[PDB]
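Chain by chain, the residues:
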Amino acid sequence: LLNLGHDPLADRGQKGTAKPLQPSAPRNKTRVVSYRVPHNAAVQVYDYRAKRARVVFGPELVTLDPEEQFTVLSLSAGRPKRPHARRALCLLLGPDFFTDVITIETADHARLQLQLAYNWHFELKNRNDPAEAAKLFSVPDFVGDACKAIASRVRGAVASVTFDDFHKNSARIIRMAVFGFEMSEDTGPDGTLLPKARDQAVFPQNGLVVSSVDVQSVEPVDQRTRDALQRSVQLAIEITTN
Amino acid sequence: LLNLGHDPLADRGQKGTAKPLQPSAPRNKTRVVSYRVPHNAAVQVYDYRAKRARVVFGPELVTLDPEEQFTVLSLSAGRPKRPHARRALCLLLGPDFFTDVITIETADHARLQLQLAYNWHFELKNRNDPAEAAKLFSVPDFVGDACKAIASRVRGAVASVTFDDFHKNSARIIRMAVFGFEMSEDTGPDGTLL
């Protein structure tokens, strides 16, 4: 039915039990229903197009799972899915998990398949207020470990690769002091933030603009500079001996 | 019907329930309706041409989704969509999400597909007052993380690429002190800015 054009989703029961109903679905508008009290404490929350967080806990059990099998991912043809990219894109849209290149896990989300080299960025906005009151990211430490995946990633995405490139360059010529000032990141509110980017220190305050950029190293003088620094230590030892 | 020329949008119900109605649509003029109280608390807001923010929250649930499947994007032939560009252009016009090159996420919006090298600029004007009173960008921190995507982008779009070009130039000749003064940005009101 998903591929047919209109997803209705019906399902009867063994004893001729009738469970199919009708949601508001001109194209998309979810499918929710929550029965409680002496009857059948069961809430069936169903989302369309994507796979929104279906938080639902019952007696002695708690379910909050995106869940989809690699076969379903395939069956999602009439949905957003075809080659590799679309598969992954379908994941972070609904399900998750697919270690390809860079990854970012945060706020009950997971980002997969994106080559850092291909100037790829990742982001995952937080959940909602009712989700927090429910549990969400349980405890800070819990979030720490879950987020640790990003720290290891960044170290394996840029911090390591670049080191090898520096080696390639130094295997030809190169000059390098610029790997001794800063690299930083950003901090600050909209319209008044600090978007630092390598040797580009800017900070447009609420009513003031701060900026700074510097220049260093040049093959012949870089070595000569380093040599100078190491020589001063010699003189120090010399006067120390006397 | 979208391709046929006039989008009416009808849909009956299993038990012969009648749900199709008629909006004001000479070409475009939306389709809104909000039923409440002991009857059927359901408001169906439908936009035409583009995919405006359909904010709508009900008992125990809240929906505010552009939502469109890659198949719908394709079906949007009689709408604004054909090759790659138009697809992306159709996205930021209605739906969203498509990491191509530069990206800017802000005020419940998303900008996709635009090569910085091709002197491409991105922009996304804020929402409306009633949207704020509803929730909008919930809390500042929330907006920070959502916007962090831009910081990483700019660093990967210009801050990194240029560094390599400087290397290419320095591999021939070059002189370079100009990478030690400033680069800045703008600040100020119209007709009196910096």
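Look up: the structure comes first, before these words.
Residues numbered from 1 in each chain as written, not as in the entry; some residues may be left out. Chains lettered and ligands numbered in written order. Part of a larger assembly, values for the part shown. Heavy atoms only, no water. Residues with missing side-chain atoms left out of burial classes, pairs and counts.

(A) Spotlight on the overall build of chain A. Each helix and strand counted, chain A has six helices and 10 strands in total. A compact globule built from 242 residues should have a C-alpha radius of gyration of about 18 Å, whereas chain A, at 28 Å, is more than 25% larger. On the principal axes, the C-alpha backbone points of chain A span a range of 100 × 40 × 40 Å. In chain A, the share of contacts with a sequence separation of at least 24, taken over all contacts with a separation of at least 6, comes to 19%. (Helix = DSSP H or I, 4+ residues; strand = E, 2+ residues; numbered from the N terminus. Rg over C-alpha atoms; globule rule 2.2 N^0.38 Å. Contact = heavy atoms within 4.5 Å.)

(B) Spotlight on the overall build of chain B. Check the secondary structure of chain B and you find five helices and six strands. Starting at the N terminus, the α and β elements of chain B follow one another as β-β-β-β-α-α-β-β-α-α-α. By the compact-globule yardstick of 16 Å for 194 residues, chain B is too spread out, its C-alpha radius of gyration being 23 Å. If one aligns the C-alpha atoms of chain B with their principal axes, the spans along those axes are about 80 × 35 × 35 Å. Long-range pairs, those at least 24 residues apart, make up 18% of the contacts in chain B between residues at least 6 apart in sequence.

(C) View of the environment of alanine 42 of chain A. All names here are of chain A. Looking at the element boundaries, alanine 42 is found in strand β2 (residues 42-43). Through-space distance from the C-alpha of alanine 42 to that of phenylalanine 57 is 8.9 Å; in sequence the pair is 15 residues apart. Among all residues touching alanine 42, those that are not within four sequence positions of it are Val33, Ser34 and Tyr35.

(D) Representation of the interface of chain B and chain A in the model. Taken together, the contact between chain B and chain A spans 15 residues of the former and 13 residues of the latter. Listed by contribution, the elements that provide at least two residues to the side of chain B that touches chain A are α1 (70-75) and α4 (140-159) of chain B. Counting residues per element, the side of chain B that touches chain A draws most heavily on α4 of chain B, at six residues. Across the side of chain B that touches chain A, the residue classes tally to eight nonpolar, five polar and two charged. (Nonpolar A, V, L, I, M, F, W, Y, C, P; charged D, E, K, R; others polar.)

(E) Broad picture of the packing of helix α4 (residues 140-159) of chain A against helix α5 (residues 161-170) of chain A. Residue and element names in this part refer to chain A. Contact pair α4 / α5: the axes reach a minimum separation of 5 Å and the direction vectors enclose 15°. Our classification of the angle between α4 and α5 gives roughly parallel. On α5, the residues that touch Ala157, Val158 and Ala159 of α4 are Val161, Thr162 and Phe163. The residue makeup of the contact of α4 with α5, split by class, is five nonpolar, one polar and no charged. (Axes fitted to C-alpha atoms, helices over the stretch in contact; angles between N-to-C directions. Parallel < 35°, antiparallel > 145°, perpendicular 65-115°, else oblique.)

(F) Fine view of the packing of α4 of chain B against helix α5 (residues 161-170) of chain B. Residue and element names in this part refer to chain B. Between α4 and α5, whose axes approach to 5 Å, the crossing angle comes to 15°. In terms of orientation, α4 lies roughly parallel with respect to α5. Residue-level contacts link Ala157, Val158 and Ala159 of α4 to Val161, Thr162 and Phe163 of α5. Taken together, the residues of the contact of α4 with α5 sort by class into five nonpolar, one polar and no charged.

Nothing here speaks to function; it is geometry throughout.
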